[PDB]
Ligand SMILES: Nc1nc2c(ncn2[C@@H]2O[C@H](COP(=O)(O)CP(=O)(O)OP(=O)(O)O)[C@@H](O)[C@H]2O)c(=O)[nH]1
Ligand SMILES: Nc1nc2c(ncn2[C@@H]2O[C@H](COP(=O)(O)CP(=O)(O)OP(=O)(O)O)[C@@H](O)[C@H]2O)c(=O)[nH]1
Ligand SMILES: Nc1nc2c(ncn2[C@@H]2O[C@H](COP(=O)(O)OP(=O)(O)OP(=O)(O)O)[C@@H](O)[C@H]2O)c(=O)[nH]1
Ligand SMILES: Nc1nc2c(ncn2[C@@H]2O[C@H](COP(=O)(O)OP(=O)(O)OP(=O)(O)O)[C@@H](O)[C@H]2O)c(=O)[nH]1
Ligand SMILES: [Mg+2]
Ligand SMILES: [Mg+2]
Ligand SMILES: [Mg+2]
Ligand SMILES: [Mg+2]
């Protein structure tokens, strides 16, 4: 019941940096690899050194070099640090093919090595952005090959959603749309997260004046471990990744649950506050704590899963659920009666030294399949239209070999996706 | 059987400052929140810190900042300290709408948070002035929303009545009249208090040369706790807030009981004096101890309720009542035979360190529904007329969107109110 | 032979607290429920009021009911809270606000159904119920409201069992709430049809007893409710212990009710005087009868001599001769014949049992049924009409859903009761 | 006389963990397997559930089965893991994902064949099997899927042995997975044809018991599964120890099943109340029967009084008279005759044995068969249809290879069961 973590691009790697740091914090792992104690993510060598089961890929050396110069470079095996010599210029054409195609075989074989190291691989998780090159384009290439050799193993993807505020590439819509299609084709579950919503949480609930990616990544990393580490460690009601597939995807296409997380409270505001299971879950149904820029009250629910860490009793959860059903404004779709899944571990939430969040006694992760996701898609469609109407910058992809129809096609596929969410939301 | 205290404006907040200080004094609460011992007003966190169930709102930061810099800032939760960035300029138009409307949603949700924290909310009490902006206008807005979501919970309001002496806004009559209407529409019981009558008591019974608001607030705060804390703590004859509704309001409109309180005697004059239950209640029927500038001998009584603290025996009260009936000049209205309600706690009156009043062994709060209240209304009507005759300053509201007819309307509503008090006073 | 007691409202809760205290004293039951008595007779009829729990511990056959937790908790915190089982604590969390409509008509009904199930459970545990006893106020929301609902349901289920109740009667000098007459009227209306008898005790009179005869400067409910409990225990002494005459409550009912609708009683008690004079006392039956006849020792605020007697019941505790008691009580009728109604020769009936109250050699409980009682109904009906005519505060009951005619008819029945006392008066 | 028990899924594993704990307590068996009992009777029928290992150590006749190692390991790590032999730990390494198709139809089948060989081994070691007991969920993948496969194979091999199972029933307030109704329906479909009886216990009701009667603020599975184990041990007390009536499970089956397809039961238990009140308790048979009849002490989430009883079995532990039990249970039928079906005179049957549960003087286990049960099937069938109509999540089962008609027919049989309860209802 092991897994592999794949980090592509700076978005994937920098997030990964916090993720593995967190895993060290969860089990008392020293940077040197020495750890006296997580075998799902680490393998052990005869030296008593543990090695992260992960692959870090960046087509430009730069970020990988950062890894190589950091403290955890003694944790990572040199073969897991793979780099190219030039980026994809924020461009899928290069990421997916022109450049990335020259490295991907190395990458896949290192994955195989790890796959052979694992005895019972449940699956793997991938981190990347939607708008980058390496992070999007290369990622697409990668998933094409992984679904060939692994197939059936869990394909979890964590994708960063381009915000209107932050925008670092003018052709991000194009990059994102191309990517999206391929993730529809090969992922099992995609989680897109909006840095702009996260910033909002950090400035209001963590009270942070000036959020950076380093703080943003800490938040995300903890959420990801609450989903996985928490499954590995055992608790009361353990919930496997296969159960998430089974329970969260009603139709082959609706594989886009979103995440909301609480408690996200600064130490200073946590004093004085004690949240019950019910109260934390009430925070989880608030749009203001949503890690994606959309409105949960607008959309309808199809699936919802709550995962618990630390001090939680099933009974309290049962009461909390009743409250959500009655309080809310949780319009669930007829197609799914009642769909709330509950996983409860005993493992307590962990705290990062030099962190920005309070120590908490219980924590809740909300995963949910809601029709509000279409909203985000609509925003991207529009942006595409504008760029594509003029065909500004199109030569940067076409000149690398892309076909006009490929862009049309991908957009259309997203339009279909959104329409499918509409359809499921239509009660029947 | 819990409650929430809402403090709006400086009048509400500064009064509140003394109120929570008093609650600390009643139960030995440290500024840090630590208290070893009031659960109706405080919730407890796992740290053993107790948090005041209250919300403080000021559209200008200034006063809230004062709170934030005071000793009790460690008691208050940061989320309960809400501020805007500009006052209402003493003007309902801004308080109720232009400015206040932009914050009120925050406020209401913090109230909801507390409402969800309470298990059995009896209701809540609000402190504000009639003449201010935030205190009047914002308050109106607030009550409009609270009656929607809470409805039926107790709506007690403590309003400061503008004195002829103190007058800090030329459009106070206008502010007050607009407010009044809305309080008629949504409060359950309004208590208006005149700082000028209070000053008179402080200079004569407390012998204070120079009263300030800080001394004035202490007096009021104690009265308010004698009504509420005294219900929460249990005594002999406990009297709930719902009983006050039931017993003090004969018709939907007559919800304006006034307060009188005794003993209000300085330490120096208290030596040597011992007041019996009967004697204190005799002080309570004296106009000179009335906290509102009006004449109780002029008006008639419809309802009267006496609450007792400390060393009181029902029998002595029974005798005191007979004395009031026989001594007095308590012309009760035919519509209500005999209407005297008695609540007796065991909890002794408390003393504020550095206070201005003597330690007393028994204390009496008088609430009463009397026709003399019309007098005060008449004064306000007249003042309005003068301003409105010229239409001086009208552009400060109209320019913010108010309608001329709105002012006419509100006055007329007050005229109707006064006439209704007349009618009830007419014996039948 | 068993009785189920129910305490409703603070009045009920506190008076009953004293009652159960006394009853356990009667049988040698300590606050834990353990029996440490003096006599075999203490156990011999312990079943009327108790269940025998494992280990020779006893549980009072009674239910504590209210809408406010605090009261219930305060009772449970005192001695005798321990004797009650958790199963008998039925309560909500928000009082009625003194509103019969909230107690009877709405909110209280919600608890009443659970109360009744507990009642049923207890009646099933009993061998044979004799009856039910309720203690409550006539002016409060759960005392008069909830309690009357409960009564209509109990009588419905047990038509031949004795329904009696003890209740606190409003007075001009006591009155707390303006709608107290409204609550009283509504309860009376129901009680007159749904009970077999009710005792009318007025705090005013009780205060007078405490000061005037008991020489207390500070009458408290703790002592006032003590006096009530004395009379409450008096009426079942013979039931519980061997004696000579009239032990059964039904027998008493037969002898005390000449007409189905006149079932309101005037309790009183002897000896009732402070200790200062007790050293000069010499209790004899004439002494007890002097005190019991004297209106000043009545617990009801009403002087019988203003009206006329239909029935008198006197219960004697302790070893007195038959002659002494029967001669002297006959002599009361003989000497005060002008205050008795000529329809009934021998208006005074007696009960005599052999067990005295702890601390006294002899004692006597007075139950009167005199037409003077109508005055208490006048106080209520009058006050009612003043409010009702103007509809002051009515909206609080109409808010619950009560109809003006509901109150109108309630008044009508009160007027009937007074007229019937007048018809018998003279 | 022997019984083979199988624990399937976490539910099965944890409930069974408590069960075996209790059974060893019953016989004085310590966690090592060594016998240190109190009585000869503890050994006298130890063979129903145990093998005697060298050195007077005993091994539970039961197989632990799952698809997740961790669970199995956690059970083995606790007391009583030591009592189990390695031979009884059969498991895979990848759960079913709550998919009946993976448990029953595909993956679980792979382990089932090895489980069956162990079953066979144990049945060969036995002198004479009485039957089989399974503990599992109705909503999980191995609990309902794998377990039902196993059942079809066991019944196939042993047609005349008693197949009974205890299983956790979904509730609107419990429901974890969206396909839980799908798993339930499919399991029900099979269980109705392939078992002799199944007990329907609902966690919802169990939580209510824990708080309402047991006064626990935090109901946990550790205690909830305790309550189940009480009832599971109750049904074989007489089997294991001398008594007077109905020891055999088959006898009980004969008396509890009037119609081949209606074999779903409502377990309940007395005494079941917190310690606070226990000091006021006085257990008698009427007391036990009051608690057992009362729907609030049922472990199944269903009130019998909403439907009508076809059969009632009451098993008594501890020294009670014949009269007391037979009179009182007759009286239950007499007093509540409106809730019994008139077809069967004497609907209540009793079993009485002489050995009480450790810690109690007397105890009683309730098994009901009332038409009210259909409500639980309605909850499942209804939820099912909503999903099924839209085919939400169906693809996960069609991925395994399940046919829409497989589910359709499964529903059909559920509908039949409800209609049959209605046919008998009235
Ligand atoms: N002799 C006594 N009379 C009492 C006592 N407590 C109250 N009362 C009288 O009873 C009436 C008021 O009633 P309660 O306390 O019983 C009201 P209750 O708690 O039944 O209902 P709510 O309306 O839900 O509060 C009134 O005539 C009081 O004056 C007592 O302890 N002793
Ligand atoms: N009274 C109890 N019910 C339980 C317990 N564990 C689970 N369950 C209930 O059982 C169902 C879920 O099932 P499991 O843990 O038994 C699933 P199982 O492990 O058999 O199969 P998989 O699909 O391979 O995980 C559901 O109704 C849970 O709510 C328990 O310990 N006690
Ligand atoms: N949360 C989070 N988002 C990040 C981080 N780094 C970058 N991003 C976001 O991811 C996107 C940036 O992708 P890039 O860094 O430009 O590119 P890349 O995906 O690494 O690959 P190349 O384009 O080939 O360099 C933007 O939308 C950023 O806001 C990070 O550390 N944390
Ligand atoms: N008793 C008492 N009265 C006060 C206190 N502070 C102000 N008041 C009275 O309340 C009125 C003043 O309201 P302001 O302070 O002008 O305004 P506000 O209601 O806080 O709101 P804004 O107009 O928007 O600032 C005057 O009638 C004052 O006499 C206080 O601390 N105690
Ligand atoms: Mg990069
Ligand atoms: Mg201000
Ligand atoms: Mg009360
Ligand atoms: Mg499992």
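Residue numbers (the deposited numbering), protein chains in the order written: chain G, 2 to 38, 49 to 439; chain I, 2 to 38, 49 to 439; chain B, 2 to 44, 47 to 360, 369 to 437; chain D, 2 to 44, 47 to 360, 369 to 437. C-beta: ideal position from N, C-alpha, C; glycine also.
Does residue 326 (chain G) get closer than 7 Å to chain I when you measure Cβ to Cβ?
no
Run down chain D in chain order and give the residues with a C-beta less than 7 Å from the C-beta of residue 57 (chain B).
284, 285
What's the C-alpha gap between residue 12 (chain B) and residue 189 (chain I)?
46 Å
Answer yes or no: the CB of residue 10 (chain I) versus the heavy atoms of ligand 6, is any distance below 6 Å?
yes
For the alpha helix (DSSP H) that residue 440 (chain I) lies in, which residues bound it at each end?
With chain I covering 2 to 439 only, the question about residue 440 (chain I) has no answer from this structure.
Can you list, in chain order, the residues of its chain whose CB lies under 6 Å from that of residue 205 (chain G), leaving out five sequence neighbours each side?
172, 174, 303, 304
Cα-Cα, which of D:146, D:293, D:424 is closest to residue 10 (chain D)?
D:146
With residue 201 (chain G) and residue 194 (chain G) assumed to form a contact (beta carbons below 8 Å), what rounded beta-carbon distance in angstroms separates them?
5 Å
Residue 406 (chain B) - DSSP class collapsed to helix/strand/coil:
helix
Cβ of residue 221 (chain D) within 7 Å of any chain G Cβ:
yes
How many Å lie between residue 237 (chain I) and residue 349 (chain G) at the Cα?
50 Å
7 Å Cβ cutoff, residue 321 (chain D) in contact with chain B:
no
Close Cβ partners of residue 88 (chain D) (< 6 Å) along its chain, the five nearest in sequence each way excluded
62
For residue 504 (chain B), three-class secondary structure by DSSP
Chain B is shown only over 2 to 437; residue 504 (chain B) falls outside these bounds and no answer can be derived.
Output the distance between the C-alpha atoms of residue 258 (chain B) and residue 352 (chain I), rounded to the nearest integer angstrom.
40 Å
Ligand 2 and residue 144 (chain D): does any heavy atom of the ligand fall closer than 6 Å to the residue's C-beta?
yes
Check distances from the C-beta atoms of the segment 394-417 of chain D to those of chain G and list, in chain order, the residues that come in under 8 Å.
394, 397, 398, 400, 401, 403, 404, 406, 407
Tell me, please, whether the CB atom of residue 181 (chain D) is closer than 7 Å to any CB atom in chain G?
yes
Threshold first: 4 residues or longer. Then list the alpha helix (DSSP H) segments lying entirely within the segment 97-170 of chain I, N to C.
115-128, 150-160
Check whether the Cβ of residue 98 (chain D) lies closer than 6 Å to any heavy atom of ligand 8, and answer yes or no.
yes
Considering only C-alpha positions, which residue in the set G:165, G:433, G:33, G:382 is nearest to residue 257 (chain G)?
G:165
In angstroms with no decimal places, state the Cα-to-Cα distance between residue 424 (chain B) and residue 345 (chain I).
25 Å
So that I know if they touch, is there some Cβ in chain G lying closer than 7 Å to that of residue 148 (chain D)?
no
When you compare each of D:316, D:113, D:27, D:422 to residue 393 (chain D) by their alpha carbons, which one comes out closest?
D:422
is_contact[residue 285 (chain G), chain I] using C-beta, thresh 7 Å
yes
So is residue 260 (chain I) in contact with chain G if we call contact Cβ pairs under 7 Å?
no
Rounded to the nearest angstrom, what separates residue 326 (chain D) and residue 298 (chain D) at their Cα positions?
25 Å
Beta strand (DSSP E) runs contained entirely in the segment 352-426 of chain G, provided each spans 3 or more residues
373-381
If you draw a straight line from the alpha carbon of residue 70 (chain D) to that of residue 22 (chain G), how long is it in whole angstroms?
32 Å
Check whether the Cβ of residue 327 (chain D) lies closer than 6 Å to any heavy atom of ligand 8, and answer yes or no.
no
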